[PDB]
Each structure stands twice: as C-alpha cells, then as structure tokens.
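Remarks on the overall topology
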Amino acid sequence: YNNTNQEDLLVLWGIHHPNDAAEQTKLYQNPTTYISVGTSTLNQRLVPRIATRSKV
Amino acid sequence: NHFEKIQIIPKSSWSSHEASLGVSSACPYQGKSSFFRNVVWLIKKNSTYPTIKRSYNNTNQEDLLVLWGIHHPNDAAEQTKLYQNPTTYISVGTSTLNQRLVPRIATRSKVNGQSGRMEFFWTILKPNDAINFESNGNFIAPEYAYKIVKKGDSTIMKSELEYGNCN
Ligand SMILES: *[C@@H]1O[C@H](CO)[C@@H](O[C@@H]2O[C@H](CO)[C@@H](O)[C@H](O)[C@H]2NC(C)=O)[C@H](O)[C@H]1NC(C)=O
Ligand SMILES: *[C@@H]1O[C@H](CO)[C@@H](O)[C@H](O)[C@H]1NC(C)=O
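Residues numbered from 1 in each chain as written, not as in the entry; some residues may be left out. Chains lettered and ligands numbered in written order. Part of a larger assembly, values for the part shown. Heavy atoms only, no water. Residues with missing side-chain atoms left out of burial classes, pairs and counts.

Structure determination for this entry is recorded as X-ray crystallography, at 2.70 Å resolution.

Rendered as structure tokens:
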C-alpha cells in the first residue's frame, strides 16, 4: 500500500503463534513461515514462534 | 522479604538425559568441579538427546520465581559432542510467556577458563498457572524455584561493610 493521502497513517498488522506444528500445517500448510514488512524506515522479518501455553 | 525455596522438577526424574554430568572447572566447589545448584545442566544420554517436554503447575498459593538457562557453545563440535542434535532451541510458555530461545555460536575470549556462555532467564509464574518447557539441546533446566512468601519494604543496599550485631 502506498500512502497517496496527505497525512500520516497508522498501520496495524499481526502474526499468529500456533500451539504446535500440527496446527501450523493445518491452517497454512507451509511448515516454516515468516512475515516481512518494509518502509523507507521499517525492516521487519517476523517469524512465528511455537510454544506450549496455558489456555486464555 | 522472604522466599521459600521448593523443588519443582526433581533432578532424579531425568530418565532419558544425563543429569549428573553437567559440571565445569569454572564452578569449583572443593576440588571436584561443580555447577549452579538450583538448575541442572542436562546432557546427552547414550549417544542421544530426545526432545524434552516437561511442565510444572503452580498448585501453591503464592507467586513463584522460576529460573532457567541456555548454553551457548564455542563451536559445532562442542554442540554435537554434548547434545548430538546440531540445530536446537528451548521453548517456554505460560499464560503470558511465549519464548523460543536458540543457542548462539560465536568465538569468545576465555572467562574463568571458558569460551562458552550461559544465559539465564526468569519469570513470575502466577498461582494456578503452569510453565511448559520443550527442548532439543542446550537446556539448563530448573530444579529449585522460589515461592514469594512475603512482600514488603526492602532495598538492596550497596555496602562493603559487614553485620554489626546491633539494632
Ligand atoms: C493447574 O492445575 C489445576 C488443577 O490442579 C488446574 O485447575 C483447573 O483450572 C481450570 C482452568 O484454569 C479452573 O477453571 C478449574 O478450577 C480447575 N479445574 C479443576 C478440575 O480443578 C489448572 O488449570 C492448571 N493450570 C494450567 C495452566 O494448566
Ligand atoms: C543405547 O543405544 C542402542 C541403540 O542404538 C540401544 O540398543 C542400547 O540398548 C542403548 N542402551 C541403553 C542402556 O539404553
């Protein structure tokens, strides 16, 4: 997306950290994933993180 | 103002990993070279290191200070020598924690004769919550943890002086 507007823009996004490899492939097939995001200033490569956690 | 130390993962309970070989000349007790007493330096048994999947639940009434660590070795040789598995990680989870630690190799100056490094981590595990570890190598597991028995005013004074038997 390009900010063709005149004012600063607050952009939000996210990453899913699943319970286990089963759920990872169940929902996305690909077993080893990442989200990379870039701007004139941002240089992010996010990587989902698996861990066994209490239900919330 | 007061911890009560409890055992939460007994040392004797590690069947498919060597638990008594996690020791170092950098930590002498009295000749016999030793280690941090409250955590275990787990190591490969037979030639191998099965994936560990262990968890403690805080059935107590008070917040619990849990400590654990990761081993960062000198090189791939030592990594496989001690844990066989060449690509490892420790993942730790709570109702709030979502950690995946990865050992980091780098060539470092000896300190207390060791070029490897140990990196410790911690959390406060609320009553009725559990901490779930999973690992594949380089894990330094908890044995003892601390119940926070009482809270109150205190401070960490910095002084070279000693106890004065006074009030
Ligand atoms: C830790 O152990 C206790 C059981 O000893 C669990 O207590 C249950 O937890 C649920 C959900 O938190 C509560 O709503 C219930 O009161 C408890 N159920 C029963 C049958 O006692 C607790 O869930 C465990 N904690 C975790 C994170 O697994
Ligand atoms: C060690 O490894 C071999 C498998 O390669 C196995 O057959 C042997 O019995 C193991 N030893 C013990 C004491 O478990």
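What follows continues from the structure just given.
**Topic: the packing of aromatic side chains**
Residue and element names in this part refer to chain B. If you walk through the whole model with that rule in mind, you get seven aromatic pairs over all chains. Centre to centre, the rings of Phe 36 and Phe 120 are 5.1 Å apart; their planes meet at 80°, and the pair counts as edge-to-face. Taken together, the residues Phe 36 in the loop between β3 (32-34) and β4 (39-41) and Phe 120 in strand β9 (residues 117-125) connect sequence positions 84 residues apart. According to the relative accessible area criterion, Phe 36 is partly exposed, its value standing at 45%. Taking the centre distance of 5.9 Å and the plane angle of 90° together, the rings of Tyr 49 and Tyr 83 count as edge-to-face. Within this pair, whereas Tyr 49 is found in the loop between β4 and β5 (52-57), its partner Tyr 83 is found in helix α1 (residues 76-83), the two being separated by 34 residues in sequence. A network of ring pairs unites the aromatic residues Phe 35, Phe 36, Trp 41 and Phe 120 as a single cluster. One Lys or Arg, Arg 37, reaches over the ring of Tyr 29 and ends 4.7 Å from the middle of that ring. (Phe/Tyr/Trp six-rings, centres within 6.5 Å; stacked < 30°, edge-to-face > 60°. Helix = DSSP H or I, 4+ residues; strand = E, 2+ residues; numbered from the N terminus. Buried < 20%, exposed > 50% of the residue type's maximum accessible area, 1.4 Å probe, protein only. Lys NZ or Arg CZ within 6 Å of the ring centre and 35° of its normal.)

**Thoughts on the pattern of salt bridges**
Note on pairing: side chains with opposite charge can pair once their charged atoms come close. All names here are of chain B. Within this structure, the stated rule accounts for four salt bridges over all chains. Here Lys 147 ties to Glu 62 by a salt bridge, and the two come within 2.9 Å at their closest N and O atoms. Here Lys 147 is found in strand β12 (residues 144-150), whereas its partner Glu 62 is found in the loop between β5 and β6 (64-72), with 85 residues between them in sequence. The exposure classification of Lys 147 matches that of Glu 62, with both residues buried. Where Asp 63 meets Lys 151, a salt bridge forms, and the shortest distance between an N and an O atom there is 3.0 Å. On the criterion of sequence distance, the pair formed by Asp 63 in the loop between β5 and β6 and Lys 151 in the segment after β12 is long-range, its members being 88 residues apart. Linked through salt bridges whose partners overlap, the residues forming this network are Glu 4, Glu 62 and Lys 147. (Salt bridge = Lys/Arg side-chain N within 4 Å of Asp/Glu carboxyl O.)

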